[PDB]
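With PDB, C-alpha atoms inside, this is data-v2.pdb:
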```
MODEL        1
ATOM      1  CA  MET A   1      80.661  58.763-122.210  1.00  0.00           C
ATOM      2  CA  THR A   2      77.338  58.876-124.058  1.00  0.00           C
ATOM      3  CA  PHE A   3      74.462  60.609-122.272  1.00  0.00           C
ATOM      4  CA  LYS A   4      70.827  61.639-122.717  1.00  0.00           C
ATOM      5  CA  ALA A   5      69.494  64.986-121.500  1.00  0.00           C
ATOM      6  CA  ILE A   6      65.745  65.590-121.299  1.00  0.00           C
ATOM      7  CA  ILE A   7      63.981  68.958-121.345  1.00  0.00           C
ATOM      8  CA  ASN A   8      60.461  69.745-120.135  1.00  0.00           C
ATOM      9  CA  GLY A   9      58.839  73.106-119.468  1.00  0.00           C
ATOM     10  CA  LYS A  10      55.506  74.320-118.116  1.00  0.00           C
ATOM     11  CA  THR A  11      53.947  73.968-121.567  1.00  0.00           C
ATOM     12  CA  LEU A  12      56.954  73.168-123.755  1.00  0.00           C
ATOM     13  CA  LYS A  13      58.093  69.703-124.836  1.00  0.00           C
ATOM     14  CA  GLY A  14      61.700  68.556-125.059  1.00  0.00           C
ATOM     15  CA  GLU A  15      63.877  65.517-125.725  1.00  0.00           C
ATOM     16  CA  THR A  16      67.448  65.033-126.940  1.00  0.00           C
ATOM     17  CA  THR A  17      70.749  63.247-126.327  1.00  0.00           C
ATOM     18  CA  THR A  18      74.497  63.890-126.330  1.00  0.00           C
ATOM     19  CA  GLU A  19      77.842  62.416-125.280  1.00  0.00           C
ATOM     20  CA  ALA A  20      80.077  63.865-122.565  1.00  0.00           C
ATOM     21  CA  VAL A  21      83.392  62.913-120.960  1.00  0.00           C
ATOM     22  CA  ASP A  22      83.170  65.203-117.933  1.00  0.00           C
ATOM     23  CA  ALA A  23      80.496  67.040-115.946  1.00  0.00           C
ATOM     24  CA  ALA A  24      81.527  70.241-117.719  1.00  0.00           C
ATOM     25  CA  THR A  25      81.803  68.651-121.162  1.00  0.00           C
ATOM     26  CA  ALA A  26      78.009  68.431-121.262  1.00  0.00           C
ATOM     27  CA  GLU A  27      77.612  71.878-119.705  1.00  0.00           C
ATOM     28  CA  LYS A  28      79.835  73.477-122.346  1.00  0.00           C
ATOM     29  CA  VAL A  29      78.234  71.524-125.192  1.00  0.00           C
ATOM     30  CA  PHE A  30      74.728  72.416-124.019  1.00  0.00           C
ATOM     31  CA  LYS A  31      75.498  76.106-123.504  1.00  0.00           C
ATOM     32  CA  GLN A  32      75.484  76.349-127.300  1.00  0.00           C
ATOM     33  CA  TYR A  33      72.174  74.507-127.635  1.00  0.00           C
ATOM     34  CA  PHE A  34      70.369  76.405-124.876  1.00  0.00           C
ATOM     35  CA  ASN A  35      70.720  79.468-127.106  1.00  0.00           C
ATOM     36  CA  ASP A  36      68.149  77.826-129.379  1.00  0.00           C
ATOM     37  CA  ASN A  37      65.357  78.842-127.004  1.00  0.00           C
ATOM     38  CA  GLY A  38      67.378  81.248-124.882  1.00  0.00           C
ATOM     39  CA  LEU A  39      66.309  79.698-121.584  1.00  0.00           C
ATOM     40  CA  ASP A  40      68.088  79.868-118.226  1.00  0.00           C
ATOM     41  CA  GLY A  41      67.082  76.493-116.823  1.00  0.00           C
ATOM     42  CA  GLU A  42      69.408  74.042-115.093  1.00  0.00           C
ATOM     43  CA  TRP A  43      70.658  70.522-115.811  1.00  0.00           C
ATOM     44  CA  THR A  44      71.183  67.649-113.373  1.00  0.00           C
ATOM     45  CA  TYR A  45      73.871  64.961-113.489  1.00  0.00           C
ATOM     46  CA  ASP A  46      72.752  61.338-113.181  1.00  0.00           C
ATOM     47  CA  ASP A  47      75.466  58.844-114.119  1.00  0.00           C
ATOM     48  CA  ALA A  48      73.548  56.047-112.401  1.00  0.00           C
ATOM     49  CA  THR A  49      71.335  55.933-115.492  1.00  0.00           C
ATOM     50  CA  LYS A  50      73.300  58.252-117.780  1.00  0.00           C
ATOM     51  CA  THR A  51      70.516  60.821-118.118  1.00  0.00           C
ATOM     52  CA  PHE A  52      70.419  64.567-117.465  1.00  0.00           C
ATOM     53  CA  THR A  53      67.208  66.165-116.200  1.00  0.00           C
ATOM     54  CA  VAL A  54      66.352  69.654-117.445  1.00  0.00           C
ATOM     55  CA  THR A  55      63.342  71.938-117.014  1.00  0.00           C
ATOM     56  CA  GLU A  56      62.684  74.663-119.584  1.00  0.00           C
TER      57      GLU A  56
ENDMDL
END
```

Can I see the file as C-alpha cells?
Amino acid sequence: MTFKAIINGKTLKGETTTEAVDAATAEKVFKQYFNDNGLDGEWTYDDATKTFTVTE
C-alpha cells in the first residue's frame, strides 16, 4: 500500500514518499534512507490518511 512519510527537524526541512505493505515494510525500507542523515528519530503510522509523521 502506497504511503507518504514526512520529515521535519528543529531547523531541517524534509518531505518524501514510499509504498509499504506492512508496518515493518516501511520501517525496513526507511532504515536504509535514515542513513542519509544518520538521525535517530522515530516514525508514526497513520493509515487513516496514509501518511507517516517523522521528526529529524

Selection near region 29-41 of chain A, 7 Å with only C-alpha atoms, sequence-local residues under 6 positions removed, as number ranges by chain
A: 54-56

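Going from CA of residue 46 (chain A) to CA of residue 14 (chain A) covers 17.8 Å.
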
Could you check how far CA of residue 28 (chain A) sits from CA of residue 8 (chain A), in Å to one decimal?
19.9 Å

Residues in the PyMOL selection byres ((chain A and resi 44) around 10), expressed as a list in words:
residues 5, 6, 23, 27, 42, 43, 45, 46, 47, 51, 52, 53, 54 and 55 of chain A

Could you jot down the CA of residue 25 (chain A) to CA of residue 10 (chain A) separation for me, Å, one decimal place?
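CA of residue 10 (chain A) lies 27.1 Å from CA of residue 25 (chain A).
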
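The protein and nucleic acid residues lying at most 10 Å from residue 21 (chain A) are residues 1, 2, 3, 19, 23, 24, 25 and 26 of chain A, with all atoms listed in the file considered and sequence neighbours fewer than 2 positions away removed.
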